[PDB]
Structures are given as structure tokens and as C-alpha cells.
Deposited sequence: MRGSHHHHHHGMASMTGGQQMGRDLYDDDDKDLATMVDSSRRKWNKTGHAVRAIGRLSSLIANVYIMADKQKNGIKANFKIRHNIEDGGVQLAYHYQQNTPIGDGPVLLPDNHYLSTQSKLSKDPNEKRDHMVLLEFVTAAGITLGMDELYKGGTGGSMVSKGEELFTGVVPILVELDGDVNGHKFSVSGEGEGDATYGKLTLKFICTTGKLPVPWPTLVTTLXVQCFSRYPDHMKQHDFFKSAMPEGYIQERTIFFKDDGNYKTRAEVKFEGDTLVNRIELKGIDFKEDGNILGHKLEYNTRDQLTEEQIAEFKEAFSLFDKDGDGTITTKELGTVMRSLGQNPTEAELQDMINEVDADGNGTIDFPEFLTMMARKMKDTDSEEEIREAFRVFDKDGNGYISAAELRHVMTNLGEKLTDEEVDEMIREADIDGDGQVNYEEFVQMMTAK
């Protein structure tokens, strides 16, 4: 009996474990409307345990008359991080999001090659409670990245912030090279698109939304109207019973800097060619098969290259990792990292620093004043 509970417990948990690993945004063409439709589920964590489901139905149509790209079926994958600004007294949300497209094997776009300013404006009415939200920040589609801050401009927000995240610019998603012809969102720009949703909160009310997303000069603007009906006074939404919120923003900034040493052409992905070049410049000799297998281990989407969200996952997932790192730096294996050896590694990686900056790095690590870094000093610096 204790064995039967184990066997059937494992199976039921396997299914849970399989299901909670996914919340993709499934996109399909809508030819008759010269646009797309999407559907997906969001699971909002309830503060003291449990999940509140939010079922999303989406349609998008172009605003302008020029041709747009209508895709084959595919999906977006997202990771969101919510935080608070310690200096802000107004009701507010700070948001960092990474989004990439996947699901397919093997002029608007030029508007998105660099960092683009974003404005967001929402006017809402949930069960009669009128409120407004204003948001500003920037998007960098090279990295599938959004960073934004939102304020409630009418006082206290009558709903939880996490319930507004999906409503509050999919044109900033990263489409990999093999899927460029499937990016409706950027194809619609600069004239833009209309995006409409219905969002059903299980056992509670629904939101209906309509938004215009378009360029106004060089700023990508998302202007939205939202109406919520049939919400329960003491449900998870009007009762504020959902969790609000991981690495820090500055920890993520460090990993971007590291990622740039491999991504030498700045296209947002590390190929086998780029990884091999960095490995060989440090004295190592992987085969092409090994490079492919290395990438394949962290390759979310099977396109054969490592983008920034992939790289992040990997570096957020040891004593022995640090010993091997030491060996890479200690070229002649005598037990000490010399300023010459450090300068060499920096050059090999592509980092440009003066001899003075390299000595400053030695100084930061050099506890015993011999002007070299030993293994224990290196550990202290790595931890």
C-alpha cells in the first residue's frame, strides 16, 4: 500500500510537473482580418497558496493599409520580473521582461534594431471603479527585452498589478533568424495595430480590452481602454489576494556584459563559431560536435545558437567550477595569477583595459601584497 501510493503519486505529480513548466502564447494567422489571433493561460499565484487562472483570448489587426506578414502557427515564451522602486510613494510596478519566439523547426523590423522608447496609457473601469495607469521605459528586441515603470495616476489601483501585466507590446519579442517571416507585430509598424482581448478570471470577473499600438515619432505608444465586469467583492482580484513577486536587475546587467564577450557581432545570439573562438583563445580545443552539444544543452528553441534569455537560465541554475576557472587564468599553472596572465586573459576575451586597470583588479583580489593572485584570493573574489 505504501508502494501503491508512491507509484500513483509519482504519475500524478509527473503530470503536474510537466504542465507547470509551460505558459506559452500560441499565435495563429487570422487571414480574414489580415491579422492574428492568440490564446494562452496565465497562472497567478495566490498569496497564501493556490493559483488563480486567467484565460486569455486575443485578436490583432493592422491600423494601416500596407502588407503585413501573416505567420504559420508558433508561440512566444516569456519571463517577467516585478519589483518596487524604494523611492516611489505612488501605487506602482517596475517590470523587466524577456520574450522569444519558437515553435518552428530549423521594413517594420528595421524600426527595432536598437533601444526604442515606450509610452503606455490605460484608462479603466472595473466594477464601476474608474482608474488610470501611465507607464514609460524602453524595449530592445535584440535581447527580447522590456524594462518599464508604471504609476496609477488616480490614486490606489483597484486591482492587483500582476493582473494588468499582459494588457500593459509584443513587437519587442525576439524572433530568431529562421522565423523572421512570421513576425506580424513588427511588420505592422510604423502605422501599428489594434489589439483586443478578453481575459476570464476563473471563478470571478472578466476584463475586455482594446488598445492601439503604434509609433508616435520615435516612441512606441500603447494606448488602452479596459472594462472589467462581474468581479466578486471578496475574490482574489478586488480583494488583493495575489502575490506580487529572482536575480536582481544589476546581477542581470553583469550577465549581459558577460554575454557580450561571446556575442561579438551584437546580434543577440552566440553561435558555435563564437563559442569556439572564445574557447580557443583561452587555449582549449573543443570539436564542432562538442560545441553543438554544449549549446544544445541550454538551447530552448533548437535553432542551434544561444540567445540572452538561454544564457541567463543557465547562469541562474561549484567549488569545482571555481578551481577550473582558476586554472584558465593561471596559464603556466604555478599557483599564482600574474598581472601578465590577467592581461592576457582580458585580451583573449576581447576586453580592452589599460595596464593600470588590470593592476587595480589585482589589488582588489591581492590580500597578501605580493602583486599576484593565489587560489584562496581568487576564491574570495569569486564568492
property	result
Deposited positions lacking CA coordinates	1 to 39, 146 to 161, 224, 302 to 304, 377 to 382, 449 to 450
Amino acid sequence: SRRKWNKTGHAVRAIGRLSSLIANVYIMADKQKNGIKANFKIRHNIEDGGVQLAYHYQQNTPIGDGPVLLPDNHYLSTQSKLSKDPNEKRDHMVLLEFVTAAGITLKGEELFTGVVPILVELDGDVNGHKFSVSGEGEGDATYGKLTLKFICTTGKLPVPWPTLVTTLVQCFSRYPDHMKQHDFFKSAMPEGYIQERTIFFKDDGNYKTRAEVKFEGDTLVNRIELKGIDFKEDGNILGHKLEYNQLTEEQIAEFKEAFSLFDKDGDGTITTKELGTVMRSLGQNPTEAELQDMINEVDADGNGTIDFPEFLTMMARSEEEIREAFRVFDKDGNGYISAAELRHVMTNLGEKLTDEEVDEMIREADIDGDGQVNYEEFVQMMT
From here on, numbers count along this sequence of modelled residues.
| item | value |
| --- | --- |
| Greater mean Cα temperature factor according to the PDB record, 72 to 80 or 262 to 270 | 262 to 270 |
| Average Cα temperature factor in the PDB entry - higher stretch of 274 to 282, 172 to 180 | 274 to 282 |
| Selection from 334, 60, 52, 39 [criterion: highest C-alpha temperature factor in the record] | 334 |
| Most elevated Cα B-factor in the entry, residues 100, 206, 134, 248 | 248 |
| Chain third (lowest, middle, highest) by recorded CA B-factor, residue given as residue 315 | highest |
| Where the record places residue 361 (Cα B-factor, split into thirds across the chain) | middle |
| Residue 112, C-alpha B-factor rank within chain (lowest, middle or highest third) | middle |
| Chain-wide C-alpha B factor ranking for residue 303, given as lowest, middle or highest third | highest |
| Where the record places residue 344 (Cα B-factor, split into thirds across the chain) | highest |
